[PDB]
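**Student:** Mind looking over this structure? Questions follow.
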Amino acid sequence: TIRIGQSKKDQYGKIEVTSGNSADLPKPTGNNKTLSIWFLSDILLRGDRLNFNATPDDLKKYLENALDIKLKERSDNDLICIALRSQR
RNA sequence: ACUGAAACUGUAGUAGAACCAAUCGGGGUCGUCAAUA
């Protein structure tokens, strides 16, 4: 049992932590037709000047480097390819 | 690539003003009673 966050000494922050049995590792399906990406957490990326950034082409470049592939935007018009929001 | 810290929802405010538990009443006084055979 630990107190976390702001004003944790007062009426705030008391949490119980419990540990579970070691989970199975993620097992994503490798598909060569498309890559789908879901941000489960806020993604912080450096721009190429190492400022933080909001340019998705940098994430495109990052992924295709990290996976050693090449990526292209989904070209249909009745569908959306990208659905990001900025976070500070 | 590392939980901010510290901070009293307190301070002032009369559940009170108004309203008669009251109005009227001599502690008094006279004729029967009963239904049959």
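Identifiers in the structure tokens: chain A, B, ... in order shown; residue index from 1 per chain; ligand index from 1 in order shown.
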Select residues of chain B: the criterion is any atom within 10 Å of an atom of chain A, counting only C-alpha atoms (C1' of nucleotides); output as an NGL selection string.

**Tutor:** :B and (3-6)

**Student:** Could you name the residues that touch residue 83 of chain A at 12 Å or less, counting only C-alpha atoms (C1' of nucleotides), but leaving out those on the same chain fewer than 4 positions away, as a list in words?

**Tutor:**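 Using only C-alpha atoms (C1' of nucleotides), the neighbours found are residues 36, 37, 38, 39, 56 and 79 of chain A.
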
**Student:** For the selection just defined, write its residues with C-alpha atoms to a file, as a PDB file, in the first residue's frame.

**Tutor:**
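Final file, out-v1.pdb:
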```
ATOM      1  CA  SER A  36      -2.407  -1.215 -38.137  1.00  0.00           C
ATOM      2  CA  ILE A  37      -1.187   0.846 -35.172  1.00  0.00           C
ATOM      3  CA  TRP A  38      -3.165   1.652 -32.027  1.00  0.00           C
ATOM      4  CA  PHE A  39      -1.659   4.022 -29.451  1.00  0.00           C
ATOM      5  CA  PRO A  56       3.084  11.705 -38.464  1.00  0.00           C
ATOM      6  CA  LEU A  79     -12.099   5.461 -45.428  1.00  0.00           C
TER       7      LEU A  79
END
```

**Student:** Could you pull the residues within 7 Å of residue 1 of chain A, counting only C-alpha atoms (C1' of nucleotides), minus those fewer than 5 positions along the same chain, as a list in words?

**Tutor:**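 My list of contacting residues is residues 14, 15, 16 and 17 of chain A.
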
**Student:** For atom CA of residue 74 of chain A and atom CA of residue 60 of chain A, determine how far apart the two atoms are, in Å to one decimal place.

**Tutor:**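 So the answer is 12.4 Å.
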
**Student:** Enumerate as an MDAnalysis selection string all residues of segment 17-75 of chain A assigned to alpha helix (DSSP H) by DSSP on the backbone, naming them with the chain letters and numbers the document uses.

**Tutor:** chainID A and resid 56:67

**Student:** Print the selection's residues with N, CA, C and O atoms to a file, as a PDB file, in the first residue's frame.

**Tutor:**
```
ATOM      1  N   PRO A  56       3.247  13.160 -38.355  1.00  0.00           N
ATOM      2  CA  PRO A  56       3.084  11.705 -38.464  1.00  0.00           C
ATOM      3  C   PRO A  56       3.991  11.049 -39.482  1.00  0.00           C
ATOM      4  O   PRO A  56       4.201   9.835 -39.394  1.00  0.00           O
ATOM      5  N   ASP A  57       4.504  11.788 -40.467  1.00  0.00           N
ATOM      6  CA  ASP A  57       5.514  11.224 -41.357  1.00  0.00           C
ATOM      7  C   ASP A  57       6.758  10.787 -40.602  1.00  0.00           C
ATOM      8  O   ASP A  57       7.470   9.886 -41.053  1.00  0.00           O
ATOM      9  N   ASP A  58       7.047  11.413 -39.462  1.00  0.00           N
ATOM     10  CA  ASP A  58       8.168  10.966 -38.643  1.00  0.00           C
ATOM     11  C   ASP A  58       7.868   9.634 -37.972  1.00  0.00           C
ATOM     12  O   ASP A  58       8.757   8.787 -37.837  1.00  0.00           O
ATOM     13  N   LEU A  59       6.619   9.428 -37.556  1.00  0.00           N
ATOM     14  CA  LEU A  59       6.226   8.129 -37.024  1.00  0.00           C
ATOM     15  C   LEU A  59       6.205   7.065 -38.112  1.00  0.00           C
ATOM     16  O   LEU A  59       6.602   5.920 -37.876  1.00  0.00           O
ATOM     17  N   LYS A  60       5.737   7.421 -39.306  1.00  0.00           N
ATOM     18  CA  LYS A  60       5.857   6.537 -40.458  1.00  0.00           C
ATOM     19  C   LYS A  60       7.304   6.116 -40.684  1.00  0.00           C
ATOM     20  O   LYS A  60       7.608   4.928 -40.825  1.00  0.00           O
ATOM     21  N   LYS A  61       8.210   7.094 -40.740  1.00  0.00           N
ATOM     22  CA  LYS A  61       9.632   6.796 -40.864  1.00  0.00           C
ATOM     23  C   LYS A  61      10.138   5.960 -39.701  1.00  0.00           C
ATOM     24  O   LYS A  61      10.906   5.014 -39.900  1.00  0.00           O
ATOM     25  N   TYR A  62       9.735   6.303 -38.478  1.00  0.00           N
ATOM     26  CA  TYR A  62      10.181   5.555 -37.308  1.00  0.00           C
ATOM     27  C   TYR A  62       9.777   4.089 -37.389  1.00  0.00           C
ATOM     28  O   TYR A  62      10.599   3.196 -37.169  1.00  0.00           O
ATOM     29  N   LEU A  63       8.507   3.821 -37.686  1.00  0.00           N
ATOM     30  CA  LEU A  63       8.036   2.443 -37.749  1.00  0.00           C
ATOM     31  C   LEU A  63       8.746   1.656 -38.839  1.00  0.00           C
ATOM     32  O   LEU A  63       9.226   0.543 -38.602  1.00  0.00           O
ATOM     33  N   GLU A  64       8.808   2.205 -40.047  1.00  0.00           N
ATOM     34  CA  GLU A  64       9.394   1.446 -41.142  1.00  0.00           C
ATOM     35  C   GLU A  64      10.884   1.211 -40.920  1.00  0.00           C
ATOM     36  O   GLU A  64      11.429   0.214 -41.394  1.00  0.00           O
ATOM     37  N   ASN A  65      11.551   2.100 -40.188  1.00  0.00           N
ATOM     38  CA  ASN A  65      12.907   1.808 -39.741  1.00  0.00           C
ATOM     39  C   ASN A  65      12.917   0.742 -38.655  1.00  0.00           C
ATOM     40  O   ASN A  65      13.682  -0.226 -38.730  1.00  0.00           O
ATOM     41  N   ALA A  66      12.081   0.912 -37.628  1.00  0.00           N
ATOM     42  CA  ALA A  66      12.058  -0.028 -36.511  1.00  0.00           C
ATOM     43  C   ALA A  66      11.659  -1.428 -36.941  1.00  0.00           C
ATOM     44  O   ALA A  66      12.127  -2.411 -36.357  1.00  0.00           O
ATOM     45  N   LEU A  67      10.797  -1.547 -37.945  1.00  0.00           N
ATOM     46  CA  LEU A  67      10.378  -2.846 -38.448  1.00  0.00           C
ATOM     47  C   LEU A  67      11.136  -3.285 -39.687  1.00  0.00           C
ATOM     48  O   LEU A  67      10.975  -4.433 -40.110  1.00  0.00           O
TER      49      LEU A  67
END
```

**Student:** May I have all residues of chain A that DSSP, computed from the backbone, assigns to strand (DSSP E), given as a list in words?

**Tutor:** residues 2, 3, 14 and 15 of chain A
